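**Student:** One structure, pasted below without further comment.
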Amino acid sequence: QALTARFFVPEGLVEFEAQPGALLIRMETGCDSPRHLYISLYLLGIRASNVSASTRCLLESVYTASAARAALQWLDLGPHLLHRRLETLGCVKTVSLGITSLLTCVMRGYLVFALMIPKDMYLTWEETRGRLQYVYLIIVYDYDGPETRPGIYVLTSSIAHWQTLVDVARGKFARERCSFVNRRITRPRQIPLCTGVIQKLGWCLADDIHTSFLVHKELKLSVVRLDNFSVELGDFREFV
Amino acid sequence: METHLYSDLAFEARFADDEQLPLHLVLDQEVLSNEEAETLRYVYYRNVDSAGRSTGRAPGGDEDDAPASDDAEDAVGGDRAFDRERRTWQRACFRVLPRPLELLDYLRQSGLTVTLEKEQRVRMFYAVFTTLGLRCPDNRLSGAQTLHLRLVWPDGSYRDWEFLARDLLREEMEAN
Amino acid sequence: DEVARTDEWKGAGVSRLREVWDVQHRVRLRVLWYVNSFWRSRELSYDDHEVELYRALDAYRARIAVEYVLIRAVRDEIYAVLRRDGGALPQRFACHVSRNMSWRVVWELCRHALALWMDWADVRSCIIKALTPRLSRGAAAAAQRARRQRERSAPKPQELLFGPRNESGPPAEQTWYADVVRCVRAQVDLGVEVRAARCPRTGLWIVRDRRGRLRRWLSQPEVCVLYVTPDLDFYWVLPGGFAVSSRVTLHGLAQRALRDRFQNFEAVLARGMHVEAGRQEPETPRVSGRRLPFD
Amino acid sequence: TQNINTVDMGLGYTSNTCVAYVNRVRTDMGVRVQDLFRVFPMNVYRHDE
Amino acid sequence: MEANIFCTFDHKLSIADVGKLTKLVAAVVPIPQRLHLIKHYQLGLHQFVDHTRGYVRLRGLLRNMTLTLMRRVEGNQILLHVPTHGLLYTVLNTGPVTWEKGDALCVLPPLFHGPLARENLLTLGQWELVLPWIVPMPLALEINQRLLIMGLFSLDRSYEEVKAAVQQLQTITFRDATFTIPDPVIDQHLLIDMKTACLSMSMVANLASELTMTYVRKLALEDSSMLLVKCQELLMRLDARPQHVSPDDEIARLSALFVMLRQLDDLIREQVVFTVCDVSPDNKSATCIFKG
């Protein structure tokens, strides 16, 4: 059933990700020796504008390893673009720790297989609980400030047809779209690509969504959880 | 609020070609009832020369100046004259705020830093925002010009009333 | 790095606020002035030479003149045709009549009604409503079709036997707009709408409301009533169904001002209304404050 | 699966029932008034204050 | 996953109705809730169709819903099968549109057709069964594009000018057939779509490079062909070494132009639901791959 995959990643990136249920992303890098480097969704939280100050302090405290800091330097080096450099792998549940760690990922399957999301990153457009829900990973670019720091969200919705979801996203994110137009006018020598990117990975039953806390090195984080989850990857689709 | 800014930019665009300058209006309960302000559909405006003319008609004169014929076939030049009359009317953007508000507090909650000659509070049970134009054939603007304001509702009913440009511009232009 | 016009616009803000009345002092509204407007930068000039002002007010008087002078032309037609007939009124509206009545008092009531109606003349009166559909685009085409259809030879037996059926003629049910004035207590009604038909037994008229009920005023001694047809034909009625006939001589007015004052304004498409012509409109848009606005 | 077909064999009401016995009530029989704002959540008063 | 959907008829099933429904086996019907058991009311578009309101609303309501296939029926029981992405299935042509080998399919609300005498299916009481239209890509794309064109053109014009343009637009000819859009009334959804279209159109107008702006002028000066003659005839009402050439900036600008054009295309292209293998020669049935 499930399509297992296998990756290697150095110890510095692992310690908070080591909880079995996690989500993993692959990042390209211009540096020749680390051609690719593997980053979990939690590590994006240290830079995500949506994450609150306390959770950002915790993330800064945890990921102090030199390799992880170099990874964040590579991430921040990217000029106003991340989806050109980020690629989604899927959900993982197995880990062996060491000087170089081993973990497996599933790119298509539904074989506990809970997927974990940080509480800061989670939003829903609807408070009514639909019986069937899809979940998506979206990246949104802020433009009203001096330079673009990105926003990160993982959201659940009962909408499947893409254009309807883009309509509702436009409705809720009108400020970001106006900010994108403002960026285009205010700095004409610079040309941003999109306001946000939608990517699809989700099939789950809404009655199996949980709220929970997570611990690492006696540091405490608040998270939201999808329990009876199935993973189906998709293409990074750009919207305005 | 956004209507004033958009209409100002649009009239800046069109001024080089048809030479209309923008005028910004706000209307309250002394103008129209809440029911008709809630269902407002269209707003229309027109300019008149001092001697009595229109913006769309040829300034010198037109066949419309002739007396009505009261004949059976064509009462008043039906199709062509009606086309001219709809030609002379012009449409403008509008936004209505159905909730009650006061001007100064609302503007300060918006980005506008209002600093009036005195902080005269005004309370409007409902507000509609509208921008109108008055034309000057060249950079000479005559105070005797009259302006028309039309409001249209879905059922076809309409109300209108006229202004003198000398009243609208009585002191703002006098400074310049 | 430069900002857009919007941000410097919002920063600069407004500083003045004036209240202006309309010409008739019916309605008052405010105007706002933005300090950052391009209108300031243009540096245009302004003057109000008095002769132009006098011309403007005279033209404005001529503009409001359009309907009152039409009322007065109606008066002139009434009096002229009353003189021409010499004091004879044929019966035109179906109602019974009594012989042993002091007809002098109802004649005096007709005089009083004529005096009272004219004092309360307004743009709300019947004849403006009568001209209202006459001006629209459809009226000319409809009149052309009607004149062509009524001026037709009786079909030969050939046309009746084969092909199309008898082509539909005009309906008896006509639409009229009316003014009624009551003298017992001095008050008038000016914006009435009424159904009309021709009685089958005798060619007199029968008047009914749009609900179908037969109308009563024709009997009442204290009332005199005013009718106008959708082809600008004119009737004045006093108790007893005795009428005065004329055509509204609207040729006293220039077409320009007549069209300028009023017309049944045609619509253009907006949110919610059908693209196909003449379809039933959905529920009204009505951006509302009674409810939380939709987003 | 097992399809079940039933046929009526009487020209009248061939079965009767009565509401025999009571166990304790499932509703509190309270007087707490319905939260009318929650069943009509769209409506607001005009002046915001 | 709920790989099967059962639906129960409350009304009696006369022999004629059950035979007619038996002929419909393996057709396509939509289901809103995806729940395991569903009543007979939600089967079909009859619950949601309303000629008084927008065809745009019906288009959105249809595109949002889920798709299912039909299976053989029994007493008071009708079985619906949900397709799985990537597998191979048999579908029957619900509409009169011709189907061809090797082109994609889309789902759209029903359209008016020549005779207007649409056949009625399972008219149980005041309820009726109505199927959606499965349409090959060119016709569906053309009709959605022309509906958006209707919305963009008709705005702020009198009925008289609009009257000729709507009769020119509403009629669609596709592979020897003729079709007409039922009720193209403007709706708030169409206004949102038009706002997005205007924003994208202005953005591509702005960020387009100089070479893209001046390309057709230079080539019209250089060459002369029927295509260029038509383009100039269109642009006639509107109608040297570049001082800057920069490959990297040109690459980035064209990437922005592609994201803009990609966005503008999404307004028109409905999501694919089926890709076909070769079709039976009677044009009544085909074997297709299902996509989600």
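Protein chains in written order, with our numbering: chain S, 315 to 554; chain V, 894 to 1069; chain L, 10 to 304; chain B, 69 to 117; chain G, 84 to 375. Quick reminder that beta carbons are idealized off the backbone N, C-alpha and C, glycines included.
1) Any beta carbon of chain C sitting closer than 9 Å to that of S:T500?
2) For S:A336 versus S:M435, is the C-beta distance shorter than 9 Å?
3) Could you please tell me which residues of the stretch 171-186 of chain G, in chain order, have their CB closer than 9 Å to any CB of chain L?
4) Report the three-state DSSP secondary structure of residue 54 of chain G (helix, strand or coil).
5) Among L:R143, L:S162, L:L267, which has the Cα closest to the Cα of L:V237?
6) For the alpha helix (DSSP H) containing G:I232, list its first residue and its last residue.
7) Are the beta-carbon atoms belonging to S:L389 and S:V406 less than 9 Å from one another?
8) Leaving out five residues on either side along the sequence, give the residues of the same chain with a beta carbon under 7 Å from the beta carbon of L:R25.
9) Grab the span of the beta strand (DSSP E) containing G:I161 for me, first residue to last.
10) Looking only at DSSP bridge pairs, what is S:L351 linked to?
11) With distance defined between alpha-carbon atoms, name the residue in V:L1040, V:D998, V:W1054 nearest to V:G945.
12) By the 8 Å beta-carbon criterion, what residues does the stretch 1010-1041 of chain V contribute toward chain L?
13) Hey, could you find the ends of the beta strand (DSSP E) S:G510 is sitting in?
14) Which chain G residues sit within Cβ distance under 7 Å of S:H394?
15) Any contact between the stretch 365-373 of chain G and the stretch 907-917 of chain V? By contact I mean 3 or more CB pairs, one from each, below 8 Å.
16) If you draw a straight line from the C-alpha of G:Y242 to the C-alpha of G:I269, how long is it?
17) Measuring only the C-alpha atoms, how far is G:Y138 from L:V284?
18) Determine, using beta carbons only, whether L:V12 comes closer than 9 Å to chain S.
19) Of the residues that make up the stretch 277-304 of chain L, which ones have a beta carbon closer than 9 Å to any beta carbon in chain B?
20) Which of the three DSSP states, helix, strand or coil, is assigned to L:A286?
21) Hey, S:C508 and S:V554: beta-carbon distance below 9 Å or not?
22) For V:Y935, does the three-state DSSP call read helix, strand or coil?
23) Is there a Cβ from chain B that is less than 9 Å from the Cβ of V:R992?
24) Which residues bound the beta strand (DSSP E) around V:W1054?
25) Pick out whichever of L:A68, L:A181, L:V253 has its Cα sitting closest to the Cα of L:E86.
26) At least one CB of chain G closer than 9 Å to the CB of L:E275: is that the case?
27) Any chance the stretch 374-390 of chain S sits against the stretch 344-355 of chain S, with 3 or more Cβ pairs inside 8 Å?
28) Helix, strand or coil for G:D348, going by three-state DSSP, please let me know.
29) Would the stretch 543-550 of chain S and the stretch 517-526 of chain S be scored as touching if the rule is three or more Cβ pairs under 8 Å?
30) Within its chain, find whatever has a CB closer than 8 Å to the CB of S:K486; leave out the 5 residues flanking it on each side and keep chain order.
31) Is it right to say L:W116 is buried, meaning 16 or more other beta carbons lie within 10 angstroms of its own, or is it exposed?
32) Beta-carbon of L:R268 versus every beta-carbon of chain G: anything under 9 Å?
33) If you drop the 5 nearest sequence neighbours on each side, which residues of the same chain put their C-beta closer than 7 Å to that of S:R501?
34) Can you confirm whether V:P952, when its beta carbon is compared against all beta carbons of chain L, has any partner nearer than 9 Å?
35) Rounded to whole angstroms, what is the Cα-Cα separation between L:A74 and G:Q271?
36) Of all the CB atoms in chain L, is at least one closer than 9 Å to the CB of S:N542?
**Tutor:** With the structure as the only source:
1) In summary, chain C is missing from the structure at hand, where the protein chains are S, V, L, B and G.
2) The count along the first sequence starts at 1 and reaches residue 336 of chain S at position 22. The count along the first sequence starts at 1 and reaches residue 435 of chain S at position 121. Not closer than 9 Å, so no.
3) none
4) Examination of residue 54 of chain G is not possible in this model, given that chain G is present from 84 through 375 alone.
5) The residue given as residue 237 of chain L occupies position 228 in the third sequence. Selected option, being the one with the closest Cα: L:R143.
6) Along the fifth sequence, one-based indexing puts residue 232 of chain G at 149. Run containing G:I232: 220-237, per the alpha helix (DSSP H) assignment.
7) Here the question's residue 389 of chain S lines up with position 75 in the first sequence. Here the question's residue 406 of chain S lines up with position 92 in the first sequence. Cβ atoms of S:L389 and S:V406: not closer than 9 Å.
8) Indexing the third sequence from 1 puts residue 25 of chain L at position 16. So the list reads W42, once near-sequence residues are dropped.
9) Working through the fifth sequence from its first residue, we reach residue 161 of chain G at position 78. Segment 160-164, the beta strand (DSSP E) holding G:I161.
10) Within the first sequence, residue 351 of chain S is the residue found at index 37, counting from 1. DSSP output for S:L351 lists S:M341 as bridge partner(s).
11) On the second sequence, position 52 is the one that residue 945 of chain V refers to. V:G945 has its Cα closest to that of V:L1040, out of V:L1040, V:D998, V:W1054.
12) Listed in sequence order: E1010, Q1013, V1015, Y1019, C1029, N1032, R1033, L1034, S1035, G1036, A1037, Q1038, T1039.
13) Within the first sequence, numbered from 1, the residue matching residue 510 of chain S stands at position 196. Element bounds for S:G510: 510-514.
14) If you number the first sequence from 1, residue 394 of chain S lands on position 80. Within 7 Å Cβ-Cβ: nothing; S:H394 doesn't reach chain G, min ~11 Å.
15) The stretch 365-373 of chain G, when compared against the stretch 907-917 of chain V, does not touch it at the 8 Å Cβ threshold.
16) If you number the fifth sequence from 1, residue 242 of chain G lands on position 159. If you number the fifth sequence from 1, residue 269 of chain G lands on position 186. About 14 Å.
17) As a position in the fifth sequence, residue 138 of chain G is number 55, starting the count at 1. As a position in the third sequence, residue 284 of chain L is number 275, starting the count at 1. Those two C-alpha atoms are separated by around 11 Å.
18) Within the third sequence, the letter at position 3 stands for residue 12 of chain L. Yes, L:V12 lies at the interface with chain S (some Cβ there is under 9 Å from its Cβ).
19) Cβ contacts with chain B: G298, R299, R300, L301.
20) Taking the third sequence and counting its residues from 1, one reaches residue 286 of chain L at position 277. L:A286 falls in the coil class under three-state DSSP.
21) Taking the first sequence and counting its residues from 1, the one referred to as residue 508 of chain S is at position 194. Taking the first sequence and counting its residues from 1, the one referred to as residue 554 of chain S is at position 240. In contact: S:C508 and S:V554 (Cβ atoms closer than 9 Å).
22) Counting from 1 along the second sequence, the entry for residue 935 of chain V is found at position 42. Looking at V:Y935 - three-state DSSP - the assignment turns out to be strand.
23) Counting from one through the second sequence, the residue named residue 992 of chain V turns up at place 99. Closer than 9 Å to the CB of V:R992 there is at least one CB belonging to chain B.
24) Walking along the second sequence from the start, residue 1054 of chain V turns up at place 161. First-last of the beta strand (DSSP E) with V:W1054: 1051-1057.
25) On the third sequence, residue 86 of chain L is found 77 positions in, with the first residue counted as 1. It is L:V253 whose Cα lies nearest to the Cα of L:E86.
26) The residue given as residue 275 of chain L occupies position 266 in the third sequence. It does: the Cβ of L:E275 has a partner Cβ on chain G nearer than 9 Å.
27) Counting Cβ pairs under 8 Å, three or more are found: they touch.
28) Residue numbering aside, residue 348 of chain G sits at position 265 when the fifth sequence is read from its first letter. Here G:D348 sits in helix by DSSP.
29) yes
30) Residue mapping note: residue 486 of chain S aligns to position 172 of the first sequence, counting from 1. Excluding residues within five positions, the ones whose Cβ falls inside 8 Å are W439.
31) Taking the first residue of the third sequence as 1, we reach residue 116 of chain L at position 107. So L:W116 ends up on the exposed side.
32) The residue given as residue 268 of chain L occupies position 259 in the third sequence. Answer no: the Cβ-Cβ gap between L:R268 and chain G never drops below 9 Å.
33) Mapped onto the first sequence, residue 501 of chain S falls at position 187. So the list is empty, once near-sequence residues are dropped.
34) Translated into positions along the second sequence, residue 952 of chain V becomes position 59. It does not; no Cβ of chain L falls within 9 Å.
35) In the third sequence, the residue the question calls residue 74 of chain L occupies position 65. In the fifth sequence, the residue the question calls residue 271 of chain G occupies position 188. C-alpha separation (whole angstroms): 44 Å.
36) For the purposes of this step, residue 542 of chain S is taken as the residue at position 228 of the first sequence. It does not: the Cβ of S:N542 has no partner Cβ on chain L nearer than 9 Å.
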